[PDB]
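**Student:** Contents are compact mmCIF, N, CA and C atoms and all ligand atoms; file name target15.txt:
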```
# COMPACT_ATOMS: atom_id res chain seq x y z
N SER A 1 129.21 -50.71 -194.10
CA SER A 1 129.48 -51.53 -195.33
C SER A 1 130.13 -50.80 -196.53
N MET A 2 129.62 -49.64 -196.97
CA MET A 2 130.27 -48.91 -198.13
C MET A 2 130.29 -47.37 -198.00
N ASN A 3 131.43 -46.74 -198.30
CA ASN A 3 131.52 -45.26 -198.32
C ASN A 3 130.74 -44.69 -199.52
N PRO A 4 130.14 -43.49 -199.35
CA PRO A 4 129.59 -42.86 -200.50
C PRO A 4 130.69 -42.43 -201.46
N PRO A 5 130.30 -42.11 -202.70
CA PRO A 5 131.26 -41.52 -203.60
C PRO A 5 131.81 -40.17 -203.06
N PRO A 6 133.07 -39.87 -203.36
CA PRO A 6 133.57 -38.57 -202.90
C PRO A 6 132.83 -37.41 -203.60
N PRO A 7 132.94 -36.18 -203.09
CA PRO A 7 132.32 -35.06 -203.78
C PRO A 7 132.84 -34.82 -205.17
N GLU A 8 131.99 -34.31 -206.04
CA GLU A 8 132.38 -34.02 -207.39
C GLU A 8 133.44 -32.96 -207.44
N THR A 9 134.32 -33.07 -208.43
CA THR A 9 135.43 -32.14 -208.61
C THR A 9 135.47 -31.50 -209.95
N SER A 10 134.44 -31.76 -210.74
CA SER A 10 134.37 -31.28 -212.12
C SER A 10 132.88 -31.30 -212.47
N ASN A 11 132.43 -30.33 -213.24
CA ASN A 11 130.98 -30.34 -213.61
C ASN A 11 130.79 -29.42 -214.82
N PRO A 12 130.61 -30.01 -216.03
CA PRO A 12 130.52 -29.19 -217.26
C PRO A 12 129.30 -28.23 -217.35
N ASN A 13 128.25 -28.45 -216.53
CA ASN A 13 127.19 -27.41 -216.27
C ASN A 13 127.66 -26.25 -215.39
N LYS A 14 128.63 -26.55 -214.53
CA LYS A 14 129.17 -25.57 -213.63
C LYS A 14 130.22 -24.76 -214.40
N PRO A 15 129.97 -23.43 -214.61
CA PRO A 15 131.02 -22.69 -215.32
C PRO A 15 132.37 -22.73 -214.58
N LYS A 16 133.40 -23.07 -215.34
CA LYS A 16 134.78 -22.83 -214.95
C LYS A 16 135.01 -21.31 -214.76
N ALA A 17 135.67 -20.95 -213.66
CA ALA A 17 136.34 -19.62 -213.51
C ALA A 17 137.72 -19.75 -212.90
N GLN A 18 138.59 -18.79 -213.27
CA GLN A 18 139.72 -18.53 -212.42
C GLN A 18 139.91 -17.06 -212.20
N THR A 19 139.80 -16.70 -210.94
CA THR A 19 139.90 -15.35 -210.47
C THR A 19 141.24 -15.30 -209.78
N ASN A 20 141.68 -14.09 -209.49
CA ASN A 20 142.94 -13.85 -208.84
C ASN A 20 142.95 -14.42 -207.41
N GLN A 21 141.81 -14.29 -206.73
CA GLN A 21 141.73 -14.91 -205.38
C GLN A 21 141.79 -16.43 -205.46
N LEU A 22 141.12 -17.05 -206.46
CA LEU A 22 141.20 -18.53 -206.59
C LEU A 22 142.62 -19.00 -206.87
N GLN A 23 143.31 -18.21 -207.68
CA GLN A 23 144.70 -18.49 -207.97
C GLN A 23 145.57 -18.45 -206.70
N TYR A 24 145.34 -17.46 -205.83
CA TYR A 24 146.02 -17.40 -204.52
C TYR A 24 145.65 -18.62 -203.60
N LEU A 25 144.38 -18.94 -203.57
CA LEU A 25 143.92 -20.09 -202.69
C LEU A 25 144.65 -21.41 -203.09
N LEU A 26 144.84 -21.62 -204.41
CA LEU A 26 145.53 -22.83 -204.85
C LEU A 26 146.96 -22.75 -204.58
N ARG A 27 147.58 -21.66 -205.02
CA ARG A 27 149.05 -21.66 -205.13
C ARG A 27 149.68 -21.26 -203.83
N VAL A 28 148.89 -20.60 -202.96
CA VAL A 28 149.43 -20.26 -201.64
C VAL A 28 148.69 -20.94 -200.47
N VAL A 29 147.39 -20.76 -200.38
CA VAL A 29 146.68 -21.15 -199.16
C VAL A 29 146.64 -22.67 -199.12
N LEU A 30 146.20 -23.31 -200.20
CA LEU A 30 146.03 -24.79 -200.15
C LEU A 30 147.41 -25.42 -200.04
N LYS A 31 148.37 -24.88 -200.75
CA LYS A 31 149.71 -25.41 -200.68
C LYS A 31 150.36 -25.38 -199.28
N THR A 32 150.14 -24.29 -198.57
CA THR A 32 150.62 -24.16 -197.20
C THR A 32 149.96 -25.20 -196.30
N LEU A 33 148.65 -25.31 -196.33
CA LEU A 33 147.98 -26.31 -195.49
C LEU A 33 148.36 -27.73 -195.84
N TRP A 34 148.42 -28.01 -197.14
CA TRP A 34 148.69 -29.36 -197.63
C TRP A 34 149.99 -29.91 -197.08
N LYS A 35 150.97 -29.03 -196.91
CA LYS A 35 152.30 -29.48 -196.49
C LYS A 35 152.49 -29.49 -194.98
N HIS A 36 151.49 -29.02 -194.24
CA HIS A 36 151.57 -28.97 -192.78
C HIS A 36 151.55 -30.38 -192.19
N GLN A 37 152.27 -30.59 -191.11
CA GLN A 37 152.28 -31.87 -190.42
C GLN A 37 150.90 -32.37 -189.94
N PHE A 38 149.91 -31.52 -189.88
CA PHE A 38 148.57 -31.91 -189.43
C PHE A 38 147.67 -32.12 -190.59
N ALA A 39 148.20 -31.95 -191.80
CA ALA A 39 147.34 -32.10 -192.98
C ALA A 39 146.78 -33.53 -193.18
N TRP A 40 147.53 -34.53 -192.78
CA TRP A 40 147.28 -35.92 -193.28
C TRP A 40 145.85 -36.44 -193.08
N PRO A 41 145.22 -36.16 -191.94
CA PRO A 41 143.80 -36.60 -191.89
C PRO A 41 142.85 -35.96 -192.88
N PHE A 42 143.20 -34.77 -193.41
CA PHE A 42 142.32 -34.00 -194.26
C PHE A 42 142.68 -34.07 -195.72
N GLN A 43 143.67 -34.89 -196.07
CA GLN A 43 144.13 -34.99 -197.49
C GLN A 43 143.29 -35.89 -198.36
N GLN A 44 142.33 -36.55 -197.76
CA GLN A 44 141.40 -37.39 -198.46
C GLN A 44 140.08 -37.45 -197.76
N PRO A 45 139.03 -37.92 -198.42
CA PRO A 45 137.77 -38.06 -197.69
C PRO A 45 137.91 -38.91 -196.41
N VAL A 46 137.04 -38.68 -195.46
CA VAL A 46 136.93 -39.52 -194.30
C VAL A 46 136.49 -40.91 -194.80
N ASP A 47 137.27 -41.90 -194.40
CA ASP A 47 136.98 -43.28 -194.71
C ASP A 47 136.21 -43.87 -193.55
N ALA A 48 134.89 -43.79 -193.65
CA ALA A 48 134.04 -44.18 -192.56
C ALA A 48 134.10 -45.72 -192.41
N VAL A 49 134.44 -46.44 -193.48
CA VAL A 49 134.46 -47.94 -193.40
C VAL A 49 135.67 -48.35 -192.54
N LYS A 50 136.84 -47.78 -192.89
CA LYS A 50 138.09 -48.13 -192.23
C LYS A 50 138.21 -47.55 -190.87
N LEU A 51 137.65 -46.36 -190.68
CA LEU A 51 137.66 -45.76 -189.34
C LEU A 51 136.54 -46.29 -188.47
N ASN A 52 135.60 -47.03 -189.07
CA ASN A 52 134.46 -47.62 -188.36
C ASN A 52 133.55 -46.55 -187.74
N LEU A 53 133.01 -45.73 -188.62
CA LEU A 53 132.16 -44.62 -188.28
C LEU A 53 130.82 -44.83 -189.02
N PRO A 54 130.01 -45.79 -188.58
CA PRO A 54 128.80 -46.12 -189.39
C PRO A 54 127.79 -44.95 -189.53
N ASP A 55 127.84 -44.00 -188.59
CA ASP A 55 126.98 -42.82 -188.56
C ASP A 55 127.57 -41.56 -189.19
N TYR A 56 128.84 -41.57 -189.59
CA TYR A 56 129.46 -40.35 -190.12
C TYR A 56 128.64 -39.72 -191.24
N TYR A 57 128.32 -40.51 -192.29
CA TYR A 57 127.76 -39.98 -193.50
C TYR A 57 126.24 -39.84 -193.33
N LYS A 58 125.70 -40.28 -192.20
CA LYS A 58 124.36 -39.94 -191.78
C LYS A 58 124.29 -38.58 -191.13
N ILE A 59 125.29 -38.21 -190.34
CA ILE A 59 125.32 -36.93 -189.61
C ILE A 59 125.90 -35.79 -190.47
N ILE A 60 126.98 -36.08 -191.20
CA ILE A 60 127.65 -35.08 -191.97
C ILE A 60 127.02 -35.08 -193.34
N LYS A 61 126.24 -34.04 -193.57
CA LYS A 61 125.51 -33.88 -194.78
C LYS A 61 126.32 -33.36 -196.00
N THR A 62 127.40 -32.63 -195.78
CA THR A 62 128.24 -32.09 -196.87
C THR A 62 129.69 -32.44 -196.55
N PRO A 63 130.05 -33.70 -196.78
CA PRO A 63 131.46 -34.08 -196.53
C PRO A 63 132.38 -33.25 -197.38
N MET A 64 133.52 -32.95 -196.84
CA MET A 64 134.53 -32.22 -197.59
C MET A 64 135.90 -32.51 -197.01
N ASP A 65 136.92 -32.42 -197.87
CA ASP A 65 138.30 -32.70 -197.56
C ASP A 65 139.21 -31.90 -198.51
N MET A 66 140.45 -31.73 -198.13
CA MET A 66 141.37 -30.96 -198.96
C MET A 66 141.79 -31.58 -200.27
N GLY A 67 141.73 -32.92 -200.39
CA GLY A 67 141.97 -33.64 -201.67
C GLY A 67 140.92 -33.21 -202.67
N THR A 68 139.67 -33.11 -202.22
CA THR A 68 138.61 -32.63 -203.06
C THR A 68 138.79 -31.15 -203.40
N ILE A 69 139.16 -30.35 -202.40
CA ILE A 69 139.31 -28.92 -202.65
C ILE A 69 140.47 -28.69 -203.66
N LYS A 70 141.57 -29.44 -203.48
CA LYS A 70 142.71 -29.34 -204.39
C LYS A 70 142.29 -29.61 -205.85
N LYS A 71 141.60 -30.73 -206.05
CA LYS A 71 141.05 -31.10 -207.36
C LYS A 71 140.09 -30.10 -207.94
N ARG A 72 139.20 -29.54 -207.10
CA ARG A 72 138.31 -28.47 -207.53
C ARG A 72 139.06 -27.25 -208.02
N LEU A 73 140.10 -26.86 -207.29
CA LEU A 73 140.89 -25.75 -207.66
C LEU A 73 141.66 -26.03 -208.96
N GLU A 74 142.30 -27.19 -209.02
CA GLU A 74 143.03 -27.60 -210.22
C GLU A 74 142.15 -27.68 -211.42
N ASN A 75 140.88 -28.02 -211.24
CA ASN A 75 139.93 -28.15 -212.36
C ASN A 75 139.10 -26.92 -212.62
N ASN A 76 139.44 -25.79 -212.02
CA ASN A 76 138.67 -24.53 -212.15
C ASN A 76 137.18 -24.73 -211.88
N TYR A 77 136.88 -25.54 -210.86
CA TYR A 77 135.54 -25.87 -210.49
C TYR A 77 134.79 -24.73 -209.84
N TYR A 78 135.47 -23.93 -209.05
CA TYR A 78 134.83 -22.88 -208.34
C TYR A 78 134.51 -21.61 -209.19
N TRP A 79 133.36 -20.99 -208.95
CA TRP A 79 132.99 -19.75 -209.65
C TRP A 79 133.69 -18.55 -208.99
N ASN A 80 134.00 -18.60 -207.72
CA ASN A 80 134.77 -17.57 -207.06
C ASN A 80 135.40 -18.09 -205.81
N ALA A 81 136.23 -17.25 -205.19
CA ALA A 81 136.97 -17.67 -204.03
C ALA A 81 136.07 -17.95 -202.80
N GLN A 82 134.94 -17.25 -202.70
CA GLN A 82 134.03 -17.49 -201.57
C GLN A 82 133.50 -18.92 -201.54
N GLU A 83 133.19 -19.49 -202.70
CA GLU A 83 132.79 -20.84 -202.72
C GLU A 83 133.85 -21.88 -202.30
N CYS A 84 135.12 -21.55 -202.54
CA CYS A 84 136.22 -22.38 -202.10
C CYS A 84 136.41 -22.24 -200.60
N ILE A 85 136.42 -21.00 -200.14
CA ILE A 85 136.48 -20.77 -198.70
C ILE A 85 135.36 -21.49 -197.95
N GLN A 86 134.15 -21.50 -198.47
CA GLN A 86 133.05 -22.20 -197.86
C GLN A 86 133.43 -23.71 -197.75
N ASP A 87 134.09 -24.26 -198.74
CA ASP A 87 134.46 -25.72 -198.68
C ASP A 87 135.44 -25.96 -197.53
N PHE A 88 136.44 -25.14 -197.41
CA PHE A 88 137.33 -25.27 -196.28
C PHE A 88 136.57 -25.16 -194.93
N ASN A 89 135.72 -24.13 -194.81
CA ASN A 89 134.92 -24.01 -193.58
C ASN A 89 134.10 -25.27 -193.30
N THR A 90 133.45 -25.81 -194.34
CA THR A 90 132.72 -27.06 -194.20
C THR A 90 133.55 -28.21 -193.71
N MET A 91 134.78 -28.30 -194.24
CA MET A 91 135.69 -29.33 -193.82
C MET A 91 135.98 -29.23 -192.32
N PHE A 92 136.32 -28.03 -191.84
CA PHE A 92 136.64 -27.86 -190.42
C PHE A 92 135.41 -28.12 -189.57
N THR A 93 134.30 -27.56 -190.00
CA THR A 93 133.02 -27.72 -189.28
C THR A 93 132.60 -29.17 -189.14
N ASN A 94 132.73 -29.95 -190.21
CA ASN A 94 132.42 -31.38 -190.11
C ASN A 94 133.20 -32.05 -189.07
N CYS A 95 134.48 -31.71 -188.97
CA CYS A 95 135.34 -32.35 -187.99
C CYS A 95 134.92 -31.96 -186.56
N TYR A 96 134.60 -30.67 -186.38
CA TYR A 96 134.08 -30.20 -185.08
C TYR A 96 132.74 -30.77 -184.72
N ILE A 97 131.86 -31.05 -185.67
CA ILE A 97 130.53 -31.55 -185.34
C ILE A 97 130.65 -33.05 -184.96
N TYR A 98 131.44 -33.81 -185.72
CA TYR A 98 131.48 -35.23 -185.49
C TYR A 98 132.26 -35.62 -184.27
N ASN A 99 133.38 -34.93 -184.07
CA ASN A 99 134.28 -35.16 -182.99
C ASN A 99 133.99 -34.28 -181.75
N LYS A 100 134.87 -34.32 -180.76
CA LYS A 100 134.58 -33.70 -179.45
C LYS A 100 135.69 -32.75 -179.13
N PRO A 101 135.36 -31.68 -178.39
CA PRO A 101 136.37 -30.75 -177.96
C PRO A 101 137.53 -31.46 -177.27
N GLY A 102 138.73 -31.05 -177.58
CA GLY A 102 139.89 -31.74 -176.99
C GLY A 102 140.35 -33.00 -177.72
N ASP A 103 139.59 -33.55 -178.67
CA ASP A 103 140.10 -34.72 -179.41
C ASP A 103 141.28 -34.25 -180.25
N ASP A 104 142.33 -35.05 -180.35
CA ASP A 104 143.49 -34.68 -181.15
C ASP A 104 143.14 -34.22 -182.56
N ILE A 105 142.19 -34.91 -183.21
CA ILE A 105 141.80 -34.55 -184.57
C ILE A 105 141.19 -33.11 -184.60
N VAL A 106 140.43 -32.78 -183.56
CA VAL A 106 139.86 -31.48 -183.40
C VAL A 106 140.94 -30.41 -183.19
N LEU A 107 141.89 -30.70 -182.32
CA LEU A 107 142.98 -29.77 -182.07
C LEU A 107 143.80 -29.56 -183.37
N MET A 108 143.97 -30.63 -184.14
CA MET A 108 144.63 -30.48 -185.47
C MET A 108 143.83 -29.61 -186.41
N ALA A 109 142.52 -29.86 -186.52
CA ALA A 109 141.67 -29.02 -187.33
C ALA A 109 141.75 -27.55 -186.88
N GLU A 110 141.70 -27.29 -185.58
CA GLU A 110 141.71 -25.89 -185.09
C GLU A 110 143.02 -25.18 -185.52
N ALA A 111 144.12 -25.86 -185.42
CA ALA A 111 145.44 -25.33 -185.87
C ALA A 111 145.49 -25.06 -187.38
N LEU A 112 144.93 -25.98 -188.19
CA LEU A 112 144.83 -25.72 -189.61
C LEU A 112 143.87 -24.61 -189.96
N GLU A 113 142.76 -24.48 -189.24
CA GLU A 113 141.84 -23.42 -189.44
C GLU A 113 142.48 -22.05 -189.13
N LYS A 114 143.24 -22.03 -188.06
CA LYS A 114 143.89 -20.79 -187.69
C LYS A 114 144.88 -20.40 -188.78
N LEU A 115 145.73 -21.35 -189.18
CA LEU A 115 146.63 -21.16 -190.35
C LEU A 115 145.90 -20.73 -191.62
N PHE A 116 144.82 -21.39 -191.97
CA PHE A 116 144.00 -20.99 -193.09
C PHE A 116 143.59 -19.51 -193.01
N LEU A 117 143.17 -19.09 -191.81
CA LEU A 117 142.70 -17.71 -191.62
C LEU A 117 143.83 -16.69 -191.70
N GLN A 118 144.96 -17.07 -191.15
CA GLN A 118 146.14 -16.28 -191.29
C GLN A 118 146.60 -16.10 -192.75
N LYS A 119 146.59 -17.18 -193.54
CA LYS A 119 146.87 -17.08 -194.98
C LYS A 119 145.84 -16.35 -195.80
N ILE A 120 144.55 -16.53 -195.52
CA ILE A 120 143.57 -15.74 -196.26
C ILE A 120 143.64 -14.28 -195.81
N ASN A 121 144.30 -13.95 -194.70
CA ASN A 121 144.82 -12.58 -194.52
C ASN A 121 146.10 -12.27 -195.36
N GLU A 122 145.93 -12.34 -196.69
CA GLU A 122 146.60 -11.46 -197.68
C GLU A 122 145.68 -11.29 -198.91
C1 LIG B 201 145.91 -41.23 -194.56
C2 LIG B 201 145.97 -41.97 -193.26
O1 LIG B 201 144.77 -41.64 -192.57
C3 LIG B 201 144.56 -42.10 -191.31
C4 LIG B 201 145.34 -43.05 -190.66
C5 LIG B 201 145.01 -43.47 -189.37
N1 LIG B 201 145.74 -44.49 -188.74
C6 LIG B 201 144.95 -45.34 -187.82
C7 LIG B 201 145.77 -46.25 -186.95
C8 LIG B 201 146.88 -46.96 -187.65
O2 LIG B 201 147.62 -47.66 -186.66
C9 LIG B 201 147.75 -45.98 -188.41
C10 LIG B 201 147.01 -45.00 -189.29
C11 LIG B 201 143.88 -42.95 -188.77
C12 LIG B 201 143.10 -42.00 -189.38
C13 LIG B 201 143.43 -41.57 -190.67
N2 LIG B 201 142.62 -40.68 -191.41
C14 LIG B 201 141.63 -39.82 -191.05
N3 LIG B 201 140.90 -39.26 -192.03
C15 LIG B 201 139.97 -38.38 -191.66
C16 LIG B 201 139.68 -38.10 -190.33
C17 LIG B 201 140.50 -38.72 -189.36
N4 LIG B 201 141.44 -39.60 -189.73
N5 LIG B 201 140.28 -38.68 -188.01
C18 LIG B 201 141.45 -38.78 -187.13
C19 LIG B 201 138.97 -38.96 -187.50
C20 LIG B 201 138.79 -40.05 -186.63
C21 LIG B 201 137.54 -40.37 -186.16
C22 LIG B 201 136.44 -39.74 -186.68
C23 LIG B 201 136.60 -38.70 -187.57
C24 LIG B 201 137.84 -38.33 -188.05
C25 LIG B 201 137.90 -37.11 -188.92
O3 LIG B 201 137.15 -36.16 -188.69
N6 LIG B 201 138.78 -37.05 -189.95
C26 LIG B 201 138.95 -35.80 -190.71
```
As structure tokens, what does this structure read like?
**Tutor:**
Amino acid sequence: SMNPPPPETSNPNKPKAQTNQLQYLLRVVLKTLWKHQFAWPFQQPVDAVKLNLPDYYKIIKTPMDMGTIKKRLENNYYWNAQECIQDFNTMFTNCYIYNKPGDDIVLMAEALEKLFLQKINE
């Protein structure tokens, strides 16, 4: 019947930071993934209503997507780069937990994860 609210992208109790690694994650790592041909499923929250996934938000306890990560980065939401990296890992992990080995969406996530890891190697 209804999707939960997307994850928060701003929080005035949460100190704003921008570190040099966070600056790289936005301007290089997120930008590279965002423009990839496999990005489209991950550019917004999972729409469990439209995809007809009544159990998604029961199983996936920390939903995450790159639209949220982009906004977090743009809003200086993260305290350091490790917390941003954790969000990306959560995003890939959610897709692997909900879906099945060999599903196209899974194979897309694995390719983006590999790319992500290659880019965070600078
Ligand atoms: C922006 C446009 O988004 C979509 C368009 C279409 N279609 C449908 C069929 C029409 O004919 C044309 C368009 C289908 C899916 C998406 N979006 C989308 N968002 C998130 C997920 C995802 N798909 N996949 C594939 C998953 C499917 C099942 C369970 C989980 C997921 C999943 O883990 N993620 C990340």
**Student:** Which one is closest to residue 66 (chain A): A:34, A:92, A:42, A:78? Count only N, CA and C atoms.
**Tutor:** A:42
**Student:** For ligand LIG 201 (chain B), which residue among A:100, A:70, A:31, A:14 is the nearest when counting only C-alpha atoms and all ligand atoms?
**Tutor:**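 The shortest atom-to-atom distance to ligand LIG 201 (chain B) comes from A:100.
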**Student:** Report as CSV the residues of chain A within 6 Å of ligand LIG 201 (chain B), each with its shortest atom pair and distance in Å (one decimal), using all atoms listed in the file, ordered by chain and increasing residue number.
**Tutor:**
```
residue,atom,partner,partner_atom,distance
A:40,C,B:LIG201,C1,5.0
A:41,C,B:LIG201,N3,3.9
A:42,N,B:LIG201,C26,5.1
A:45,C,B:LIG201,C15,5.2
A:46,CA,B:LIG201,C15,4.2
A:47,N,B:LIG201,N3,5.1
A:94,C,B:LIG201,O3,5.7
A:95,CA,B:LIG201,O3,4.3
A:105,CA,B:LIG201,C18,5.0
```
**Student:** To test your reading of the structure, identify every residue in chain A that backbone DSSP assigns to helix (DSSP H, G or I), and report it as an MDAnalysis selection string.
**Tutor:** chainID A and resid 20:34 40:42 48:51 56:59 66:74 81:98 104:120
**Student:** What is the distance, in Å and to one decimal place, between atom C of residue 33 (chain A) and CA of residue 5 (chain A)?
**Tutor:**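 We find that atom C of residue 33 (chain A) and CA of residue 5 (chain A) lie 23.3 Å from each other.
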**Student:** Could you jot down the CA of residue 53 (chain A) to CA of residue 77 (chain A) separation for me, Å, one decimal place?
**Tutor:**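 Result for CA of residue 53 (chain A) versus CA of residue 77 (chain A): 29.3 Å, one decimal.
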**Student:** May I have the residues within 7 Å of residue 62 (chain A) as a VMD selection string, using only N, CA and C atoms and disregarding those fewer than 2 positions away in the same chain?
**Tutor:** chain A and resid 59 to 60 64 90 to 91
**Student:** Which residue gives the smallest distance to residue 69 (chain A) among A:17, A:106, A:30, A:51, with only C-alpha atoms counted?
**Tutor:**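 Closest candidate: A:30.
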**Student:** When you count all atoms listed in the file, which of these residues is closest to residue 75 (chain A): A:99, A:118, A:10, A:32?
**Tutor:**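 Using all atoms listed in the file, the shortest distance to residue 75 (chain A) belongs to A:10.
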**Student:** Compare A:74, A:44, A:55, A:93 by their minimum atom-to-atom distance to residue 109 (chain A), counting all atoms listed in the file, and give me the closest one.
**Tutor:**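 Checking each candidate against residue 109 (chain A), we get A:93 as the closest.
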**Student:** So that all listed atoms of region 84-87 of chain A fit with 6 Å spare on each side, what axis-aligned box centre and edge lengths in Å, to one decimal, would you give as lines of an AutoDock Vina configuration file?
**Tutor:**
```
center_x = 134.8
center_y = -23.4
center_z = -200.0
size_x = 15.4
size_y = 17.2
size_z = 17.0
```
**Student:** Can you work out which one of A:80, A:43, A:63, A:1 has the shortest atom-to-atom distance to residue 19 (chain A), counting only N, CA and C atoms?
**Tutor:**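 For residue 19 (chain A), the nearest of the given residues is A:80.
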**Student:** To one decimal in Å, tell me the separation between CA of residue 56 (chain A) and CA of residue 113 (chain A).
**Tutor:**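 Interatomic distance here is 21.0 Å.
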**Student:** Complete the atom set of region 71-86 of chain A to N, CA, C and O atoms and return it as a PDB file, in the coordinates of the input.
**Tutor:**
```pdb
ATOM      1  N   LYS A  71     141.600 -30.730-206.050  1.00  0.00           N
ATOM      2  CA  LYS A  71     141.050 -31.100-207.360  1.00  0.00           C
ATOM      3  C   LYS A  71     140.090 -30.100-207.940  1.00  0.00           C
ATOM      4  O   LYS A  71     140.179 -29.801-209.144  1.00  0.00           O
ATOM      5  N   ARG A  72     139.200 -29.540-207.100  1.00  0.00           N
ATOM      6  CA  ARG A  72     138.310 -28.470-207.530  1.00  0.00           C
ATOM      7  C   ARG A  72     139.060 -27.250-208.020  1.00  0.00           C
ATOM      8  O   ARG A  72     138.676 -26.663-209.024  1.00  0.00           O
ATOM      9  N   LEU A  73     140.100 -26.860-207.290  1.00  0.00           N
ATOM     10  CA  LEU A  73     140.890 -25.750-207.660  1.00  0.00           C
ATOM     11  C   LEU A  73     141.660 -26.030-208.960  1.00  0.00           C
ATOM     12  O   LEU A  73     141.682 -25.207-209.860  1.00  0.00           O
ATOM     13  N   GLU A  74     142.300 -27.190-209.020  1.00  0.00           N
ATOM     14  CA  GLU A  74     143.030 -27.600-210.220  1.00  0.00           C
ATOM     15  C   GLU A  74     142.150 -27.680-211.420  1.00  0.00           C
ATOM     16  O   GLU A  74     142.641 -27.455-212.528  1.00  0.00           O
ATOM     17  N   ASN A  75     140.880 -28.020-211.240  1.00  0.00           N
ATOM     18  CA  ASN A  75     139.930 -28.150-212.360  1.00  0.00           C
ATOM     19  C   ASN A  75     139.100 -26.920-212.620  1.00  0.00           C
ATOM     20  O   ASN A  75     138.144 -26.997-213.395  1.00  0.00           O
ATOM     21  N   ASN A  76     139.440 -25.790-212.020  1.00  0.00           N
ATOM     22  CA  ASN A  76     138.670 -24.530-212.150  1.00  0.00           C
ATOM     23  C   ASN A  76     137.180 -24.730-211.880  1.00  0.00           C
ATOM     24  O   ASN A  76     136.308 -24.128-212.542  1.00  0.00           O
ATOM     25  N   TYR A  77     136.880 -25.540-210.860  1.00  0.00           N
ATOM     26  CA  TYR A  77     135.540 -25.870-210.490  1.00  0.00           C
ATOM     27  C   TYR A  77     134.790 -24.730-209.840  1.00  0.00           C
ATOM     28  O   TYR A  77     133.595 -24.588-210.005  1.00  0.00           O
ATOM     29  N   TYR A  78     135.470 -23.930-209.050  1.00  0.00           N
ATOM     30  CA  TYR A  78     134.830 -22.880-208.340  1.00  0.00           C
ATOM     31  C   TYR A  78     134.510 -21.610-209.190  1.00  0.00           C
ATOM     32  O   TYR A  78     135.314 -21.164-209.999  1.00  0.00           O
ATOM     33  N   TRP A  79     133.360 -20.990-208.950  1.00  0.00           N
ATOM     34  CA  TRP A  79     132.990 -19.750-209.650  1.00  0.00           C
ATOM     35  C   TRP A  79     133.690 -18.550-208.990  1.00  0.00           C
ATOM     36  O   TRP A  79     134.051 -17.606-209.682  1.00  0.00           O
ATOM     37  N   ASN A  80     134.000 -18.600-207.720  1.00  0.00           N
ATOM     38  CA  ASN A  80     134.770 -17.570-207.060  1.00  0.00           C
ATOM     39  C   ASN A  80     135.400 -18.090-205.810  1.00  0.00           C
ATOM     40  O   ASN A  80     135.122 -19.248-205.391  1.00  0.00           O
ATOM     41  N   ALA A  81     136.230 -17.250-205.190  1.00  0.00           N
ATOM     42  CA  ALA A  81     136.970 -17.670-204.030  1.00  0.00           C
ATOM     43  C   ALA A  81     136.070 -17.950-202.800  1.00  0.00           C
ATOM     44  O   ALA A  81     136.429 -18.784-201.952  1.00  0.00           O
ATOM     45  N   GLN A  82     134.940 -17.250-202.700  1.00  0.00           N
ATOM     46  CA  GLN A  82     134.030 -17.490-201.570  1.00  0.00           C
ATOM     47  C   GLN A  82     133.500 -18.920-201.540  1.00  0.00           C
ATOM     48  O   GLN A  82     133.369 -19.489-200.439  1.00  0.00           O
ATOM     49  N   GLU A  83     133.190 -19.490-202.700  1.00  0.00           N
ATOM     50  CA  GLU A  83     132.790 -20.840-202.720  1.00  0.00           C
ATOM     51  C   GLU A  83     133.850 -21.880-202.300  1.00  0.00           C
ATOM     52  O   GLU A  83     133.485 -22.891-201.668  1.00  0.00           O
ATOM     53  N   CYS A  84     135.120 -21.550-202.540  1.00  0.00           N
ATOM     54  CA  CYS A  84     136.220 -22.380-202.100  1.00  0.00           C
ATOM     55  C   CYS A  84     136.410 -22.240-200.600  1.00  0.00           C
ATOM     56  O   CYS A  84     136.597 -23.213-199.862  1.00  0.00           O
ATOM     57  N   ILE A  85     136.420 -21.000-200.140  1.00  0.00           N
ATOM     58  CA  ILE A  85     136.480 -20.770-198.700  1.00  0.00           C
ATOM     59  C   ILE A  85     135.360 -21.490-197.950  1.00  0.00           C
ATOM     60  O   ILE A  85     135.615 -22.057-196.899  1.00  0.00           O
ATOM     61  N   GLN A  86     134.150 -21.500-198.470  1.00  0.00           N
ATOM     62  CA  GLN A  86     133.050 -22.200-197.860  1.00  0.00           C
ATOM     63  C   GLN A  86     133.430 -23.710-197.750  1.00  0.00           C
ATOM     64  O   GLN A  86     133.100 -24.360-196.768  1.00  0.00           O
TER      65      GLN A  86
END
```
